[PDB]
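A.B. asks: Here's a structure for you.
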Amino acid sequence: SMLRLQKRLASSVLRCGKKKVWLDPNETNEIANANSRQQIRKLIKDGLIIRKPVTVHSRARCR
Amino acid sequence: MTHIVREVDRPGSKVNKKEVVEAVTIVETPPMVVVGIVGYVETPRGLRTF
Amino acid sequence: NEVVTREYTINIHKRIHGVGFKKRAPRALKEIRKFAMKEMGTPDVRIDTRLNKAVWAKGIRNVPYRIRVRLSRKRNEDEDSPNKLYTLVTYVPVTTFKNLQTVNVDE
Amino acid sequence: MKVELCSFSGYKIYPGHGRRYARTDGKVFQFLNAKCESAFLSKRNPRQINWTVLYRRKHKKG
Amino acid sequence: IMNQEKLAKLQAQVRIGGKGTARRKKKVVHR
Amino acid sequence: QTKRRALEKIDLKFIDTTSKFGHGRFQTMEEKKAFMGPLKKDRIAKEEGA
RNA sequence: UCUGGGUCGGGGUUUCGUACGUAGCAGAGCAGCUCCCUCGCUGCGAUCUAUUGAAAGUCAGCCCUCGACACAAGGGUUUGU
RNA sequence: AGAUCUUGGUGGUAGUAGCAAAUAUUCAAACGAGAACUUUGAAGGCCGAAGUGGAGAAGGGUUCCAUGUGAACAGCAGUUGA
Ligand SMILES: [Mg+2]
Ligand SMILES: [Mg+2]
Ligand SMILES: [Mg+2]
Ligand SMILES: [Mg+2]
Ligand SMILES: [Mg+2]
Ligand SMILES: [Mg+2]
Ligand SMILES: [Mg+2]
Ligand SMILES: [Mg+2]
Ligand SMILES: [Mg+2]
Ligand SMILES: [Mg+2]
Ligand SMILES: [Mg+2]
């Protein structure tokens, strides 16, 4: 299906950009049923939606 | 193609009795097999295969 | 047989000699697909994500010269498919390419 | 079969190969290819180039 | 208890990307 | 053929057989081996072959 | 076909120039260890030597394999004095 | 029959020019009859804070946001869309 709405909502709830938002490709069907921010909060806590870490930009070379 | 080295047998030339290099082309020529004969006959319109 | 899997190595450098900078990796993947079609006879080819990562490991123009792949001709009998056999290709990481032969690997 | 010369690298130069260079001071040099000539014209010491024969005998390689 | 086959399939599920990416922490289904 | 260029005896002093696949500098395998001495590949080949 | 052609592997050729790692009573020196050592021992240290004419590419439009692998008497359209 | 006549319609050109400014996409999977253009994940890229970012004024006025459609449009396609 299409998860354009869910990823935008997930970015809003997680307070991070859409780049960091990870949606479980396996459980696509379960996420498609989520249409409200309240459901997204359940999925984030349940682990189906995961905030990816910031890309590493080391300053050790500069130091 | 490759190059060779040879003498010169040309009197009156600046290269006579001197070593020169020359470009040569190699053509591999295996022996050929003859498998037939055609005869031609002359006509007022040219040679034609008799 | 019609199920056995094998291990090959591919001269990606040879098959991508002459391709422009912005098409070297996609052309490499297309040639891998054609190679998989050649030795297997199966038009259905699935390229593994790890193999795709190995192909694109050094960017888009510096594709690795050789690759070590594993073809597996499995049964496509999971749905109503025109072809009953599909070739799944995987990537086998190796340290060197010297003296590497094509080997029939068991299941 | 002609008089065989030696290069910057010390390699043997066969007839019909390489180039000959004559300077203004009168010294004549010959090179096997452009790589030796480029090395010579750039003023690079042959005793610090690994594949040069002079280097091989300087370090007694072989 | 967790056995070798369960850890072997956990090896498949736990990876969500290539080298340098984070590891999945949990996957729980609830109604 | 009656010109001096034609009917002229040709005798070859040397024929180049160097590596045309680049910039060759050796004529024969034996000459190259004699000039370069033993190499790592032959050393390990004899190491395995005893 | 007295099999054939491929894909790898090898060798030859050539191009560049001596790979990583390891060792060094080599290295401008510097900072720590002195019952110590009687001239020393531990780290940082570009570079230099042996390993090493090494490492790597090499037909995709280079050459020889008789090494391995699998494939190749199969497909479709027509043609009559 | 004319008037570079007025209006409307149709040809040759012709399946032709072209669909070439700003580096670049790729693999697997899902729904789907249909995947290069939809979505998810992975890889590789770009914008490089005077941005292809985040917000306003003027102006547009419902394009905003959900659900459904594959009639017409998005000069190709679309499971998508201002
Ligand atoms: Mg040549
Ligand atoms: Mg080879
Ligand atoms: Mg009229
Ligand atoms: Mg009239
Ligand atoms: Mg008119
Ligand atoms: Mg056109
Ligand atoms: Mg165009
Ligand atoms: Mg950039
Ligand atoms: Mg903006
Ligand atoms: Mg909208
Ligand atoms: Mg359109």
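Residues are named by chain letter and number: chains run A, B, ... in the order of the structure tokens, numbers start at 1 in each chain, and ligands are numbered from 1 in the order shown.
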Compile the contact shell of region 56-63 of chain A as a compact mmCIF listing (two decimals) with C-alpha atoms, in the first residue's frame: residues with an atom at most 10 Å away, counting only C-alpha atoms (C1' of nucleotides), same-chain residues fewer than 2 positions apart removed.
C.D. replies:
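Output saved as selection23.txt:
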# COMPACT_ATOMS: atom_id res chain seq x y z
CA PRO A 53 20.21 7.57 14.38
CA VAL A 54 21.84 10.70 13.01
CA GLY E 20 27.08 1.00 10.26
A.B. asks: DSSP on the backbone, alpha helix (DSSP H) only: what residues of chain C does that give? Format it as a PyMOL selection string.
C.D. replies: chain C and resi 12-16+24-40+49-55
A.B. asks: Output C-alpha atoms of each residue in that selection to a file, as a PDB file, in the first residue's frame.
C.D. replies:
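As a result, selection15.pdb now contains:
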ATOM      1  CA  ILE C  12      32.898  -7.229 -14.340  1.00  0.00           C
ATOM      2  CA  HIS C  13      35.833  -5.188 -15.623  1.00  0.00           C
ATOM      3  CA  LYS C  14      35.725  -7.114 -18.902  1.00  0.00           C
ATOM      4  CA  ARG C  15      31.964  -6.785 -19.287  1.00  0.00           C
ATOM      5  CA  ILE C  16      31.944  -3.050 -18.416  1.00  0.00           C
ATOM      6  CA  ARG C  24      28.712   1.563 -15.224  1.00  0.00           C
ATOM      7  CA  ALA C  25      26.971   0.108 -12.168  1.00  0.00           C
ATOM      8  CA  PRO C  26      23.488  -0.287 -13.760  1.00  0.00           C
ATOM      9  CA  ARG C  27      25.130  -1.798 -16.831  1.00  0.00           C
ATOM     10  CA  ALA C  28      27.003  -4.142 -14.499  1.00  0.00           C
ATOM     11  CA  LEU C  29      23.733  -5.256 -12.939  1.00  0.00           C
ATOM     12  CA  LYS C  30      22.170  -5.743 -16.372  1.00  0.00           C
ATOM     13  CA  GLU C  31      25.146  -7.843 -17.474  1.00  0.00           C
ATOM     14  CA  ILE C  32      24.932  -9.888 -14.268  1.00  0.00           C
ATOM     15  CA  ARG C  33      21.274 -10.544 -15.047  1.00  0.00           C
ATOM     16  CA  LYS C  34      22.169 -11.560 -18.607  1.00  0.00           C
ATOM     17  CA  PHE C  35      24.937 -13.813 -17.279  1.00  0.00           C
ATOM     18  CA  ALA C  36      22.471 -15.434 -14.881  1.00  0.00           C
ATOM     19  CA  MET C  37      20.120 -15.988 -17.811  1.00  0.00           C
ATOM     20  CA  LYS C  38      22.949 -17.517 -19.885  1.00  0.00           C
ATOM     21  CA  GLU C  39      24.134 -20.305 -17.577  1.00  0.00           C
ATOM     22  CA  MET C  40      20.662 -21.113 -16.228  1.00  0.00           C
ATOM     23  CA  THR C  49      20.291  -6.823  -1.871  1.00  0.00           C
ATOM     24  CA  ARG C  50      23.706  -7.767  -0.486  1.00  0.00           C
ATOM     25  CA  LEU C  51      24.952  -8.393  -4.023  1.00  0.00           C
ATOM     26  CA  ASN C  52      23.556  -5.028  -5.108  1.00  0.00           C
ATOM     27  CA  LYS C  53      25.373  -3.399  -2.185  1.00  0.00           C
ATOM     28  CA  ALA C  54      28.593  -5.161  -3.175  1.00  0.00           C
ATOM     29  CA  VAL C  55      28.196  -3.904  -6.743  1.00  0.00           C
TER      30      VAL C  55
END
A.B. asks: Out of G:36, G:69, G:16, G:44, which residue has the shortest atom-to-atom distance to chain D when counting only C-alpha atoms (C1' of nucleotides)?
C.D. replies: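 Selected residue with least distance to chain D: G:16.
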A.B. asks: Let me have all residues with an atom within 12 Å of ligand 5, counting only C-alpha atoms (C1' of nucleotides) and all ligand atoms, laid out as a ChimeraX atom specification.
C.D. replies: /H:1-6
A.B. asks: Residues at most 7 Å from ligand 6, using only C-alpha atoms (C1' of nucleotides) and all ligand atoms? Could they come as a list in words?
C.D. replies: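 The residues within 7 Å of ligand 6, counting only C-alpha atoms (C1' of nucleotides) and all ligand atoms, are residues 16, 17 and 18 of chain H.
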A.B. asks: Find the distance between CA of residue 22 (chain B) and CA of residue 1 (chain F) and write it in Å to one decimal.
C.D. replies: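 We find that CA of residue 22 (chain B) and CA of residue 1 (chain F) lie 21.1 Å from each other.
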A.B. asks: May I ask for the distance between CA of residue 30 (chain D) and CA of residue 7 (chain D), given in Å to one decimal place?
C.D. replies: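 Going from CA of residue 30 (chain D) over to CA of residue 7 (chain D), I get 5.5 Å.
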A.B. asks: Record the distance separating CA of residue 4 (chain D) and CA of residue 13 (chain B), expressed in Å with one decimal.
C.D. replies: 24.4 Å
A.B. asks: At a cut-off of 12 Å, can you tabulate as JSON lines every residue of chain G near ligand 1 together with its closest atom pair and the distance in Å to one decimal, using only C-alpha atoms (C1' of nucleotides) and all ligand atoms and ordering rows by chain then number?
C.D. replies:
{"residue": "G:13", "atom": "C1'", "partner": "ligand 1", "partner_atom_place_in_ligand_line": "1 (Mg)", "distance": 10.7}
{"residue": "G:14", "atom": "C1'", "partner": "ligand 1", "partner_atom_place_in_ligand_line": "1 (Mg)", "distance": 9.0}
{"residue": "G:15", "atom": "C1'", "partner": "ligand 1", "partner_atom_place_in_ligand_line": "1 (Mg)", "distance": 11.8}
{"residue": "G:62", "atom": "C1'", "partner": "ligand 1", "partner_atom_place_in_ligand_line": "1 (Mg)", "distance": 9.8}
A.B. asks: Step by step, measure atom-to-atom distances between ligand 11 and each residue using only C-alpha atoms (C1' of nucleotides) and all ligand atoms, keep those at most 9 Å, then write them as a PDB file with C-alpha atoms (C1' of nucleotides), in the first residue's frame.
C.D. replies:
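The result, stored in part.pdb:
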ATOM      1  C1'   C H  73      -5.410  16.408 -18.047  1.00  0.00           C
ATOM      2  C1'   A H  74      -0.374  15.874 -15.831  1.00  0.00           C
ATOM      3  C1'   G H  75       2.813  16.729 -24.198  1.00  0.00           C
ATOM      4  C1'   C H  76       5.142   8.562 -22.169  1.00  0.00           C
ATOM      5  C1'   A H  77       2.905   5.897 -18.401  1.00  0.00           C
ATOM      6  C1'   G H  78       0.690   5.882 -13.796  1.00  0.00           C
TER       7        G H  78
END
A.B. asks: Tell me the residues of chain H close to chain C, meaning within 7 Å using only C-alpha atoms (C1' of nucleotides), as a PyMOL selection string.
C.D. replies: chain H and resi 24+26-28+42-44
A.B. asks: With N, CA and C atoms (P, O5', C5', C4', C3', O3' and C1' of nucleotides) kept, could you save the residues just selected as a PDB file, in the first residue's frame?
C.D. replies:
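File part_1.pdb, as written:
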ATOM      1  P     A H  24      23.297  12.438 -15.432  1.00  0.00           P
ATOM      2  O5'   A H  24      22.800  11.413 -14.321  1.00  0.00           O
ATOM      3  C5'   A H  24      21.980  10.306 -14.669  1.00  0.00           C
ATOM      4  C4'   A H  24      21.231   9.757 -13.479  1.00  0.00           C
ATOM      5  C3'   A H  24      20.467  10.784 -12.646  1.00  0.00           C
ATOM      6  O3'   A H  24      19.242  10.209 -12.202  1.00  0.00           O
ATOM      7  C1'   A H  24      21.977   9.609 -11.266  1.00  0.00           C
ATOM      8  P     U H  26      17.418   3.121 -12.770  1.00  0.00           P
ATOM      9  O5'   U H  26      18.082   2.125 -11.725  1.00  0.00           O
ATOM     10  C5'   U H  26      19.326   1.506 -12.002  1.00  0.00           C
ATOM     11  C4'   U H  26      19.813   0.710 -10.822  1.00  0.00           C
ATOM     12  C3'   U H  26      18.837  -0.310 -10.268  1.00  0.00           C
ATOM     13  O3'   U H  26      18.824  -1.513 -11.012  1.00  0.00           O
ATOM     14  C1'   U H  26      19.829   0.909  -8.490  1.00  0.00           C
ATOM     15  P     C H  27      17.516  -2.441 -11.013  1.00  0.00           P
ATOM     16  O5'   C H  27      17.613  -3.240  -9.642  1.00  0.00           O
ATOM     17  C5'   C H  27      18.672  -4.154  -9.411  1.00  0.00           C
ATOM     18  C4'   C H  27      18.642  -4.684  -8.002  1.00  0.00           C
ATOM     19  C3'   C H  27      17.333  -5.315  -7.561  1.00  0.00           C
ATOM     20  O3'   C H  27      17.179  -6.648  -8.007  1.00  0.00           O
ATOM     21  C1'   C H  27      18.076  -3.821  -5.899  1.00  0.00           C
ATOM     22  P     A H  28      15.717  -7.203  -8.365  1.00  0.00           P
ATOM     23  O5'   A H  28      15.014  -7.373  -6.948  1.00  0.00           O
ATOM     24  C5'   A H  28      15.364  -8.452  -6.097  1.00  0.00           C
ATOM     25  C4'   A H  28      14.784  -8.294  -4.715  1.00  0.00           C
ATOM     26  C3'   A H  28      13.271  -8.233  -4.621  1.00  0.00           C
ATOM     27  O3'   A H  28      12.657  -9.504  -4.707  1.00  0.00           O
ATOM     28  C1'   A H  28      14.206  -6.536  -3.280  1.00  0.00           C
ATOM     29  P     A H  42      16.618   1.585   5.517  1.00  0.00           P
ATOM     30  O5'   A H  42      17.520   0.764   4.499  1.00  0.00           O
ATOM     31  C5'   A H  42      18.154  -0.440   4.897  1.00  0.00           C
ATOM     32  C4'   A H  42      18.949  -1.028   3.764  1.00  0.00           C
ATOM     33  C3'   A H  42      19.908  -0.070   3.080  1.00  0.00           C
ATOM     34  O3'   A H  42      21.135   0.065   3.772  1.00  0.00           O
ATOM     35  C1'   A H  42      18.639  -1.196   1.448  1.00  0.00           C
ATOM     36  P     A H  43      21.913   1.469   3.758  1.00  0.00           P
ATOM     37  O5'   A H  43      22.611   1.498   2.330  1.00  0.00           O
ATOM     38  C5'   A H  43      23.485   0.453   1.938  1.00  0.00           C
ATOM     39  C4'   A H  43      23.795   0.512   0.466  1.00  0.00           C
ATOM     40  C3'   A H  43      24.326   1.836  -0.044  1.00  0.00           C
ATOM     41  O3'   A H  43      25.705   2.000   0.216  1.00  0.00           O
ATOM     42  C1'   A H  43      22.663   1.026  -1.515  1.00  0.00           C
ATOM     43  P     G H  44      26.293   3.458   0.524  1.00  0.00           P
ATOM     44  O5'   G H  44      26.300   4.172  -0.898  1.00  0.00           O
ATOM     45  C5'   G H  44      27.028   3.621  -1.983  1.00  0.00           C
ATOM     46  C4'   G H  44      26.695   4.322  -3.273  1.00  0.00           C
ATOM     47  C3'   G H  44      26.805   5.833  -3.236  1.00  0.00           C
ATOM     48  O3'   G H  44      28.136   6.267  -3.437  1.00  0.00           O
ATOM     49  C1'   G H  44      24.764   5.202  -4.261  1.00  0.00           C
TER      50        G H  44
END
A.B. asks: Would you write out, as a Markdown table, a table of all residues in chain C that have an atom no more than 12 Å from an atom of ligand 2, listing for each the closest atom pair and the distance in Å to one decimal, considering only C-alpha atoms and all ligand atoms and ordering rows by chain and rising residue number?
C.D. replies:
| residue | atom | partner | partner_atom_place_in_ligand_line | distance |
| --- | --- | --- | --- | --- |
| C:9 | CA | ligand 2 | 1 (Mg) | 11.6 |
| C:10 | CA | ligand 2 | 1 (Mg) | 11.0 |
| C:11 | CA | ligand 2 | 1 (Mg) | 8.9 |
| C:13 | CA | ligand 2 | 1 (Mg) | 11.5 |
| C:14 | CA | ligand 2 | 1 (Mg) | 10.0 |
| C:66 | CA | ligand 2 | 1 (Mg) | 11.2 |
| C:97 | CA | ligand 2 | 1 (Mg) | 10.6 |
| C:98 | CA | ligand 2 | 1 (Mg) | 9.9 |
| C:99 | CA | ligand 2 | 1 (Mg) | 10.1 |
| C:100 | CA | ligand 2 | 1 (Mg) | 11.0 |
| C:101 | CA | ligand 2 | 1 (Mg) | 11.8 |
A.B. asks: Near region 6-20 of chain A, counting only C-alpha atoms (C1' of nucleotides), which residues have an atom at most 8 Å away, once you skip same-chain residues fewer than 2 positions from it, shown as an NGL selection string?
C.D. replies: :A and (3-4 or 22-23 or 31-32 or 34-35 or 37 or 40-41 or 49 or 51-54)
A.B. asks: If you keep N, CA and C atoms, can you produce a file of those selected residues as an mmCIF file, in the first residue's frame?
C.D. replies:
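See selection_2.cif below for the written result:
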data_model
loop_
_atom_site.group_PDB
_atom_site.id
_atom_site.type_symbol
_atom_site.label_atom_id
_atom_site.label_comp_id
_atom_site.auth_asym_id
_atom_site.auth_seq_id
_atom_site.Cartn_x
_atom_site.Cartn_y
_atom_site.Cartn_z
ATOM 1 N N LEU A 3 2.117 4.529 2.263
ATOM 2 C CA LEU A 3 2.276 5.021 3.623
ATOM 3 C C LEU A 3 2.751 6.469 3.653
ATOM 4 N N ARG A 4 2.332 7.267 2.671
ATOM 5 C CA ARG A 4 2.733 8.668 2.639
ATOM 6 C C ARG A 4 2.196 9.419 3.848
ATOM 7 N N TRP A 22 11.818 5.204 10.039
ATOM 8 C CA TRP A 22 11.941 3.850 9.512
ATOM 9 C C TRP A 22 10.639 3.110 9.761
ATOM 10 N N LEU A 23 10.015 2.630 8.691
ATOM 11 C CA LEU A 23 8.797 1.841 8.785
ATOM 12 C C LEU A 23 9.111 0.398 8.429
ATOM 13 N N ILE A 31 0.649 -1.295 9.582
ATOM 14 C CA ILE A 31 0.842 0.150 9.611
ATOM 15 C C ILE A 31 -0.210 0.859 8.770
ATOM 16 N N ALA A 32 -0.652 0.236 7.675
ATOM 17 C CA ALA A 32 -1.629 0.879 6.802
ATOM 18 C C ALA A 32 -2.943 1.148 7.521
ATOM 19 N N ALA A 34 -3.151 2.222 10.526
ATOM 20 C CA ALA A 34 -2.953 3.361 11.413
ATOM 21 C C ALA A 34 -3.233 4.639 10.638
ATOM 22 N N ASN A 35 -4.268 5.369 11.047
ATOM 23 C CA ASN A 35 -4.648 6.604 10.383
ATOM 24 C C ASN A 35 -4.643 7.814 11.302
ATOM 25 N N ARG A 37 -2.696 9.974 14.798
ATOM 26 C CA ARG A 37 -1.488 10.141 15.598
ATOM 27 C C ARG A 37 -1.491 9.227 16.812
ATOM 28 N N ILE A 40 -0.187 5.972 15.763
ATOM 29 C CA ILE A 40 1.243 6.078 15.490
ATOM 30 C C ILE A 40 2.036 6.002 16.786
ATOM 31 N N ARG A 41 1.516 6.615 17.849
ATOM 32 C CA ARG A 41 2.181 6.535 19.142
ATOM 33 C C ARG A 41 2.232 5.097 19.637
ATOM 34 N N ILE A 49 7.744 1.279 14.271
ATOM 35 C CA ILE A 49 8.304 2.511 13.734
ATOM 36 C C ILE A 49 9.482 2.912 14.605
ATOM 37 N N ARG A 51 13.003 5.449 15.061
ATOM 38 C CA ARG A 51 13.765 6.630 14.682
ATOM 39 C C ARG A 51 15.212 6.236 14.416
ATOM 40 N N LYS A 52 15.670 6.453 13.192
ATOM 41 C CA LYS A 52 17.038 6.103 12.852
ATOM 42 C C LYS A 52 18.017 7.104 13.462
ATOM 43 N N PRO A 53 19.220 6.657 13.811
ATOM 44 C CA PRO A 53 20.210 7.574 14.381
ATOM 45 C C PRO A 53 20.721 8.566 13.350
ATOM 46 N N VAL A 54 21.239 9.683 13.865
ATOM 47 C CA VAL A 54 21.842 10.699 13.014
ATOM 48 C C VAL A 54 23.077 10.128 12.329
#
A.B. asks: Residues at most 10 Å from ligand 10, using only C-alpha atoms (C1' of nucleotides) and all ligand atoms? Could they come as a ChimeraX atom specification?
C.D. replies: /H:63-66,81-82
A.B. asks: Store the residues picked out above, limited to N, CA and C atoms (P, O5', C5', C4', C3', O3' and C1' of nucleotides), as a PDB file, in the first residue's frame.
C.D. replies:
ATOM      1  P     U H  63      -9.929  22.152  -3.554  1.00  0.00           P
ATOM      2  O5'   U H  63      -8.356  22.380  -3.570  1.00  0.00           O
ATOM      3  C5'   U H  63      -7.520  21.570  -4.377  1.00  0.00           C
ATOM      4  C4'   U H  63      -6.173  22.207  -4.586  1.00  0.00           C
ATOM      5  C3'   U H  63      -5.226  22.171  -3.404  1.00  0.00           C
ATOM      6  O3'   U H  63      -4.566  20.927  -3.276  1.00  0.00           O
ATOM      7  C1'   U H  63      -5.201  24.325  -4.406  1.00  0.00           C
ATOM      8  P     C H  64      -4.265  20.339  -1.818  1.00  0.00           P
ATOM      9  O5'   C H  64      -4.354  21.624  -0.884  1.00  0.00           O
ATOM     10  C5'   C H  64      -3.193  22.179  -0.289  1.00  0.00           C
ATOM     11  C4'   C H  64      -3.340  22.215   1.206  1.00  0.00           C
ATOM     12  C3'   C H  64      -3.859  20.924   1.814  1.00  0.00           C
ATOM     13  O3'   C H  64      -2.818  19.999   2.079  1.00  0.00           O
ATOM     14  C1'   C H  64      -5.160  22.732   2.597  1.00  0.00           C
ATOM     15  P     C H  65      -2.927  18.482   1.567  1.00  0.00           P
ATOM     16  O5'   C H  65      -2.922  17.631   2.911  1.00  0.00           O
ATOM     17  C5'   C H  65      -3.182  18.243   4.165  1.00  0.00           C
ATOM     18  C4'   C H  65      -4.277  17.520   4.901  1.00  0.00           C
ATOM     19  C3'   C H  65      -4.713  16.206   4.279  1.00  0.00           C
ATOM     20  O3'   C H  65      -3.857  15.136   4.629  1.00  0.00           O
ATOM     21  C1'   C H  65      -6.619  17.493   4.846  1.00  0.00           C
ATOM     22  P     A H  66      -4.026  13.708   3.922  1.00  0.00           P
ATOM     23  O5'   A H  66      -5.072  12.950   4.844  1.00  0.00           O
ATOM     24  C5'   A H  66      -5.623  11.715   4.428  1.00  0.00           C
ATOM     25  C4'   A H  66      -7.026  11.539   4.941  1.00  0.00           C
ATOM     26  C3'   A H  66      -7.916  10.643   4.103  1.00  0.00           C
ATOM     27  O3'   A H  66      -7.711   9.271   4.378  1.00  0.00           O
ATOM     28  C1'   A H  66      -9.071  12.634   4.624  1.00  0.00           C
ATOM     29  P     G H  81      -2.455  10.455  -4.511  1.00  0.00           P
ATOM     30  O5'   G H  81      -2.225  11.775  -5.370  1.00  0.00           O
ATOM     31  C5'   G H  81      -1.090  12.595  -5.145  1.00  0.00           C
ATOM     32  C4'   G H  81      -0.925  13.633  -6.226  1.00  0.00           C
ATOM     33  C3'   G H  81      -2.087  14.586  -6.426  1.00  0.00           C
ATOM     34  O3'   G H  81      -2.124  15.613  -5.456  1.00  0.00           O
ATOM     35  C1'   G H  81      -1.321  13.827  -8.526  1.00  0.00           C
ATOM     36  P     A H  82      -3.507  15.987  -4.733  1.00  0.00           P
ATOM     37  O5'   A H  82      -3.892  17.394  -5.366  1.00  0.00           O
ATOM     38  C5'   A H  82      -2.959  18.463  -5.357  1.00  0.00           C
ATOM     39  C4'   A H  82      -3.488  19.681  -6.068  1.00  0.00           C
ATOM     40  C3'   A H  82      -3.777  19.491  -7.552  1.00  0.00           C
ATOM     41  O3'   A H  82      -4.839  20.361  -7.934  1.00  0.00           O
ATOM     42  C1'   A H  82      -2.101  21.123  -7.287  1.00  0.00           C
TER      43        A H  82
END
A.B. asks: Would you mind listing the residues within 9 Å of ligand 9, counting only C-alpha atoms (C1' of nucleotides) and all ligand atoms, as a list in words?
C.D. replies: residues 51, 52, 53, 54 and 55 of chain H
A.B. asks: For chain D, report every residue with an atom at most 9 Å from chain B (counting only C-alpha atoms), formatted as a list in words.
C.D. replies: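 Output check: residues 1, 2, 15 and 16 of chain D.
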A.B. asks: Starting from chain F, keep only residues with some atom at most 12 Å from an atom of chain B, counting only C-alpha atoms, and report them as a PyMOL selection string.
C.D. replies: chain F and resi 3-21+24
A.B. asks: Restrict the selected residues to N, CA, C and O atoms and save them as a CSV table (one decimal), in the first residue's frame.
C.D. replies:
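Saved file selection-v2.csv follows:
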chain,number,residue,atom,x,y,z
F,3,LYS,N,64.1,-1.5,-63.7
F,3,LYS,CA,64.7,-0.4,-62.9
F,3,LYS,C,65.6,-1.0,-61.8
F,3,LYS,O,65.5,-2.2,-61.4
F,4,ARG,N,66.5,-0.2,-61.4
F,4,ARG,CA,67.5,-0.7,-60.4
F,4,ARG,C,66.8,-0.9,-59.0
F,4,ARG,O,67.3,-1.8,-58.3
F,5,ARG,N,65.7,-0.2,-58.7
F,5,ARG,CA,64.9,-0.5,-57.5
F,5,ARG,C,64.4,-2.0,-57.6
F,5,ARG,O,64.5,-2.7,-56.6
F,6,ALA,N,63.9,-2.4,-58.8
F,6,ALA,CA,63.5,-3.7,-59.0
F,6,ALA,C,64.7,-4.6,-59.3
F,6,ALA,O,65.8,-4.1,-59.4
F,7,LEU,N,64.5,-5.9,-59.3
F,7,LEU,CA,65.5,-6.9,-59.6
F,7,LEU,C,66.8,-6.7,-58.7
F,7,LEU,O,67.9,-7.1,-59.1
F,8,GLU,N,66.6,-6.1,-57.5
F,8,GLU,CA,67.7,-5.8,-56.6
F,8,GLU,C,67.7,-6.9,-55.5
F,8,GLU,O,66.7,-7.1,-54.9
F,9,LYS,N,68.9,-7.5,-55.3
F,9,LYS,CA,69.0,-8.5,-54.3
F,9,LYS,C,68.8,-8.0,-52.9
F,9,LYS,O,69.3,-6.9,-52.6
F,10,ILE,N,68.0,-8.7,-52.2
F,10,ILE,CA,67.6,-8.3,-50.8
F,10,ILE,C,68.1,-9.4,-49.8
F,10,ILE,O,67.7,-10.5,-50.0
F,11,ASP,N,69.0,-9.0,-48.9
F,11,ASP,CA,69.5,-9.9,-47.9
F,11,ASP,C,69.3,-9.2,-46.5
F,11,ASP,O,69.7,-8.1,-46.3
F,12,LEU,N,68.7,-10.0,-45.6
F,12,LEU,CA,68.3,-9.4,-44.3
F,12,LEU,C,69.4,-9.7,-43.3
F,12,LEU,O,69.9,-10.8,-43.1
F,13,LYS,N,69.8,-8.6,-42.6
F,13,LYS,CA,70.8,-8.8,-41.5
F,13,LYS,C,70.1,-9.1,-40.1
F,13,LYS,O,70.7,-9.8,-39.3
F,14,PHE,N,68.9,-8.5,-39.9
F,14,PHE,CA,68.3,-8.7,-38.6
F,14,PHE,C,66.8,-8.5,-38.8
F,14,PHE,O,66.4,-7.6,-39.6
F,15,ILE,N,66.0,-9.3,-38.1
F,15,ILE,CA,64.5,-9.1,-38.1
F,15,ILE,C,64.1,-8.9,-36.7
F,15,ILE,O,64.4,-9.7,-35.8
F,16,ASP,N,63.3,-7.8,-36.5
F,16,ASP,CA,62.8,-7.5,-35.2
F,16,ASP,C,61.7,-8.4,-34.8
F,16,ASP,O,60.7,-8.6,-35.5
F,17,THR,N,61.8,-9.0,-33.6
F,17,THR,CA,60.7,-9.9,-33.0
F,17,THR,C,60.3,-9.4,-31.6
F,17,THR,O,59.9,-10.3,-30.9
F,18,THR,N,60.4,-8.2,-31.3
F,18,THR,CA,60.1,-7.7,-30.0
F,18,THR,C,58.6,-7.7,-29.8
F,18,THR,O,57.8,-7.9,-30.7
F,19,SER,N,58.2,-7.4,-28.5
F,19,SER,CA,56.8,-7.4,-28.2
F,19,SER,C,56.1,-6.2,-28.8
F,19,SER,O,56.3,-5.1,-28.4
F,20,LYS,N,55.2,-6.5,-29.8
F,20,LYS,CA,54.4,-5.4,-30.4
F,20,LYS,C,53.2,-5.0,-29.5
F,20,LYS,O,52.6,-4.0,-29.8
F,21,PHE,N,52.9,-5.8,-28.5
F,21,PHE,CA,51.8,-5.5,-27.6
F,21,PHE,C,52.2,-4.4,-26.6
F,21,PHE,O,52.1,-4.6,-25.4
F,24,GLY,N,58.1,-3.2,-26.7
F,24,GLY,CA,59.0,-4.3,-26.4
F,24,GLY,C,60.4,-3.9,-26.4
F,24,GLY,O,60.8,-2.9,-27.0
A.B. asks: Any residue with an atom at most 9 Å from ligand 8 counts, using only C-alpha atoms (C1' of nucleotides) and all ligand atoms. Which are they? Put them as a list in words.
C.D. replies: residues 45, 46, 47 and 48 of chain H
